[PDB]
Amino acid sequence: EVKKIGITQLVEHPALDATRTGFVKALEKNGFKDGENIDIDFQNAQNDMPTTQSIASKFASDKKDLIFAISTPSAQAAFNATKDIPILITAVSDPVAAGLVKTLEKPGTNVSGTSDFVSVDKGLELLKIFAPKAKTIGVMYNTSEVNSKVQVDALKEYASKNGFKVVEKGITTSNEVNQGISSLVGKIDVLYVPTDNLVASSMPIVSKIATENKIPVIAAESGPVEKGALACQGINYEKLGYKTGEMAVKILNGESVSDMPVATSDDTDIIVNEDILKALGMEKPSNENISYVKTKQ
């Protein structure tokens, strides 16, 4: 007997690819080996949304034993295409809001797996390393996004619980970033950039202003660190995938996906931009369990 596994992935991308690596290793380690007692059917949508649906529909017609969906849109397409083939997700921030599961603890649907949620607290802990004497935390965010409000509320709860002040700048368009960061200068000791496409995608502009005014920037994710943020405590995607693969072992052995809690991970890595660190005139922390990257052009 050979278990048929469909893997649906949105696009080639280091984080998404890493989840797949980990998922396959975890299966291998538990005796599920491609070309022997499982058959892995990998499909990349190459960033095209209708292709996520075609992949999902193929997997349903193929009658896979399990679908592994990497990214929110890949998982949504899978769930729209089949309600009776188990789906394990990964790299999905908010499975409840994506419509995949009733609750994290008890999905009550044919979907479980992992979320790549990281708390604001993980990032803000890096204040102790890169902004030791800080009193005021800055945050710029997109006022049109609900998920940005939720993060800003969490930052303000952290600040209240830890004795910091907060200065915020809510914006709606990309053309407000320059002036927004320029006016936070002299009012903050550290900037937190949340998971917010508007602000995070502007990191080259934010990084220049912040860095030339000696303000370290902490980002929620690692992509912005490569673009000029100083640091993040980012999710280890290969380990998140590995965990999803352990969950796959249980589903392949017949356990109920509707009762399997959606897991999050505590495996993060501190990632630091080495060029920004030098530009701020700072030495490396002496803890060896920190990764370094340079700025991407």
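Numbers follow the displayed sequence, beginning with 1.
| task | Give the stretch, out of 15-23 and 284-292, with the larger mean C-alpha temperature factor in the deposited entry. | result | Mean B over CA atoms: larger for 284-292.
| request: Please work out which of 248-256 and 50-58 has the higher mean CA B-factor as recorded in the PDB entry. | output: Stretch with the greater average CA B-factor: 248-256.
| task | Among the candidates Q76, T82, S201, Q179, give the one with the maximum CA B-factor reported in the record. | result | Comparing C-alpha B-factors across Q76, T82, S201, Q179, the top value belongs to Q179.
| said: Looking at the C-alpha B-factor values in the deposited entry, which of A229, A69, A45, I235 comes out highest? | reply: Highest C-alpha B-factor among the listed options: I235.
| said: Splitting the chain's C-alpha B-factors into thirds, which one does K239 fall into? | reply: Middle third, going by the recorded CA B-factors of the chain.
| request: Classify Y192 as lowest, middle or highest third according to the C-alpha B-factor given in the PDB entry, relative to its own chain. | output: Lowest third, going by the recorded CA B-factors of the chain.
| said: Using the temperature factors of the C-alpha atoms in this entry, rank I40 within its chain: lowest, middle or highest third. | reply: Middle third - that is where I40 ends up once the chain's C-alpha B-factors are sorted.
| task | Please rank the C-alpha B-factors of the chain's modelled residues and tell me whether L277 sits in the lowest, middle or highest third. | result | It falls in the top third of the chain.
| said: Considering every modelled residue of the chain and its Cα B-factor in the PDB entry, is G186 in the lowest, middle or highest third? | reply: For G186, whose C-alpha B-factor we compare with every modelled residue in the chain, the answer is the highest third.
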